[PDB]
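Below: the structure, in structure tokens.
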Amino acid sequence: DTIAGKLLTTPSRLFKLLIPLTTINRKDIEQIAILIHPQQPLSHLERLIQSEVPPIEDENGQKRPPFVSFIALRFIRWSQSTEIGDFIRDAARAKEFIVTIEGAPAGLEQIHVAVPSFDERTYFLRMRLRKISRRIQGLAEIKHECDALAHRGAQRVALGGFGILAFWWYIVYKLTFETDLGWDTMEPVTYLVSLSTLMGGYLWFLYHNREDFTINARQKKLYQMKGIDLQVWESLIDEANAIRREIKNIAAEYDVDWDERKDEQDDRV
Amino acid sequence: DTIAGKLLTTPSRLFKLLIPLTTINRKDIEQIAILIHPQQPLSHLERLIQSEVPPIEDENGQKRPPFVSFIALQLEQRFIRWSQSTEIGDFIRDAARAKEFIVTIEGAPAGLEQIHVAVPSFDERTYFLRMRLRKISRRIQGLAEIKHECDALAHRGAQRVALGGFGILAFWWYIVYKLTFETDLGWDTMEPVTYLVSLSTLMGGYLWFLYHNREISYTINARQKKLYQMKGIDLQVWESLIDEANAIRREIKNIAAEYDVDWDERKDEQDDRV
Amino acid sequence: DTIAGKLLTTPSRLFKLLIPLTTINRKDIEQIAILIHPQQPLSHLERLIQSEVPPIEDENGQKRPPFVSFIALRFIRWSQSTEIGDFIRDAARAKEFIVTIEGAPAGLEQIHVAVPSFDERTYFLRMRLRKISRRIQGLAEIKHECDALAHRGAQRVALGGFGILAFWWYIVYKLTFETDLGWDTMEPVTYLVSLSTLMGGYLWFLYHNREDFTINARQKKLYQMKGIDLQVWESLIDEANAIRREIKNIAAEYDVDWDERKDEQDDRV
Amino acid sequence: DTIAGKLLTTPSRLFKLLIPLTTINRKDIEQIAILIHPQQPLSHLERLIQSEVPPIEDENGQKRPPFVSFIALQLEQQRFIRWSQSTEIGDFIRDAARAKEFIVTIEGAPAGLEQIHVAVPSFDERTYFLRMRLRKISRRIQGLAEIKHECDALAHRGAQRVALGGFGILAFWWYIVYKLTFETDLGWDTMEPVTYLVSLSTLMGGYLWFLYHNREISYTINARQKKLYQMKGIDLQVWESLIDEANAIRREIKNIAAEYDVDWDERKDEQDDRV
Ligand SMILES: [Ca+2]
């Protein structure tokens, strides 16, 4: 109400702070809103506050605009070049922020805003990450059961092929080792059957048209039906880690340790 | 009508809005058009609407045109006043998630003395962006289909020579069967000729292993690269429309990231048909 | 006498203009430089010219800013919401630009600046395109020579292998089809040579260690020595086309037709 | 010293500049430390240097702030033009940075000349503070690349061993076929069917190994090795993160390199990784 304000984080990149000022023609309180970018100087915010307050009087004679001064944590004054990411950082550990406007105050000479923190600041991020990680998880398990399906079909068909070729081993062994028809009467059977399986291993090239199509390529053909491609997939995982390095940055610099399973424990509950 | 306005989204970058207020002698109220770029400050906007209104006769001197002020909703998951030199676009986004904002003139002729203007929606912003995206996306899907048919031409050009090879190998199977089973001649003269033929087809199957001559890929072949280009349709326009098409989806997903509404292009797969 | 002025394009993205103004208390002629990004609105430039000029007393009350008006080409006033790139576009067809401050100090009230051309602007692009065209050209022809070099060694080794294997055709034709040793005395020469051929592959696979390494892979290993990789290469070509689409944009908007060989005709002369 | 200055490049985003000027809090002339962010307007610099100087006494009596300015070199491919009081500092730094020229005109106070030249940091100087971190991260990804080469050496140990055993078995088969063939204790026509039977058996075993391609988890990444150098060795998330943090800086150095008309070649800094 009186000498107290708050700073809030947008869903976009920016900030906004709310300070009780006195405008050109108002009463003594009006919670005016100011939109700031965080990597930005501090003289910009000094100018942007001093645009909207009545100026200081002579002074013999000066109509010059007031001078704000962002003392923080006892009263360590901060310079006019430290960026707002760092000032909200060290002030965010301090949980305090003081804008002491002069001339305008008439002796009050103070304003206190309450800096948001890491749970609150990230909670906003966590929602972004919590949603996109759930969207990773569902597509992950559907892709896995498609993998099990194509694997099963491939090994069953290959097992059948080993069955018939083992049968060919058995009848050549017993035909030429029983010695009823000779090996001289067995040579044509071997070579002519070898061209016959070049035939039966070559018709499949032209009608049903394999033109590799190995074990892996049947699966890669298969979840074109049962799922989504890999570019969206790696975009989800890579951008998820891009968010995780940033929450590690902010929660590292705010110095409260954090792992993101602690809201997976609130996904179902 | 009187207390409702709307700010639309033009096909260009810059907005427009129409608000009713009193003017010179012609009429009591007219919804008048104001043209706005999203990078102009908010003082420019107030001045713009301060200019097309007859002033107030203000005593203690002459300070006659009014002082207007903007008000929105600070969502608590009230009404605060937005400062006079924010940029317009950031205020548009914040109050856009609030779905309302309020202009207040100083004249207060109306008892209410408020103007609740309406806020442009996700369907409208992404309506114009979706019309651009679907137009260029169709415009490359046709060239994708022409790629499919020249690929079918290469398929035909393969199936000819493959059919000839099957016929020749059937000829070989029949000539080995006739010169083998009949017994006019014993297997012990067809065996040597089989090994010699196997050497000759290992040679002919060895000179083909040098024939992998050009492979110009990027997904691109080399046998057809003269065919679909120097007789058909380009690839420079293909990759250029790819490059111009990849940018817009990120903007639609950023604005979509603002509005907390999910963006699915497969829910717009249904709009390319009816 | 100093109603002139000019605007110049920086080698960077954002460009500047030069106008004769009077800042605080000076002599009436002074160039002042103002930096402009061409995505900013017109009203922003209106504000920056309002910053450095004395105010105008207008009879209760004194407007602290003046008002300027960016009329152009027969005069058409332009609204203060257009893009500066568009106003430089249509004014660039017009080859004129007029700023008109309402206040006139002493019979002078106008200002003409001279909008520059695609010649100067696109030689701040043509210097870049010419340099990247030279780099791409030299690296291209070195890679082609390297490319030519690999295939000579590949055809020599393949031609030798076909030489000895054709010798293996002739020796098995002539030893047993027409001569004293029969096929029964020839079969283990064929099969035992076939395992002996295999031994060669194993030796090759282990000492000199080919673990495909086909004809293309000798090239791709070869210009790792003689040239540079493909990612930098396609980055240079793709960025070159990114510059070419932009000079096609600007010359498409300024409407003077252009092909970029017309400075390759000055790259040697 | 006298009329010279320098605007330095801190490792952070800020600048600093040291300019000599008379102040009666000090004795005669002190080079003073002023810091600058590149998004501050030039009015803040003229107010900042305007604040740490004792004022000019008004000859009208009543108005005593100093009035300072900035003047650069308009290049025509001399001539001097003054810069407005609300440009950002960074854009002016880039323009005068290719110009290699900077003056300041403090009104009234300068006894003689009143032309404080200062000197900008050349492209190499600006780059140096990027190239240190670029060289560091390139060095440690080179080291992790070398450890990847070490587990590659493990992989071909296994391959060589498996293949050596196969060559020994093939030598065994060549000797047993020669001994049971040339000796004329068994003729060829009882060794021929055993050869065809063995050929069927190795086509079966090749049909076993053609099934074996279970996992190929690539991105350039193997499947036998992925558990090998991670669950006992050194990570891969950190590898891709140093890739991601490493790819950004090169574009900035090439943008600033575009601003200075100087060819950026990383192979001319290949020579700096050794001495
Ligand atoms: Ca035989």
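Chain A residue numbers are taken from Swiss-Prot; in order, the displayed residues are 124-196, 259-396, 404-461.
Method reported for this entry: electron microscopy, 5.0 Å.
Every residue, even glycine, has its Cβ placed from backbone N, Cα and C.
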Of A:323-331, A:332-340, A:368-376, A:429-437, the range Swiss-Prot labels motif 'Selectivity filter': A:368-376
Folded-back contacts onto the motif 'Selectivity filter' (A:368-376), same chain, C-beta under 8 angstroms, at least six residues removed: 357, 360-361
Local Cβ density at A:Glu372 (Ca(2+) binding site) - other Cβ atoms counted within 10 Å: 20
Tally of DSSP helical, extended and coil residues in the topological domain 'Mitochondrial intermembrane' (A:362-370): 2 helix, 0 strand, 7 coil
From A:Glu396 to A:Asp404, where 7 residues lack coordinates, the CA-CA distance in Å: 7
Distance between A:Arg259 and A:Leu196, Cα atoms (Å), gap of 62 unmodelled residues: 5
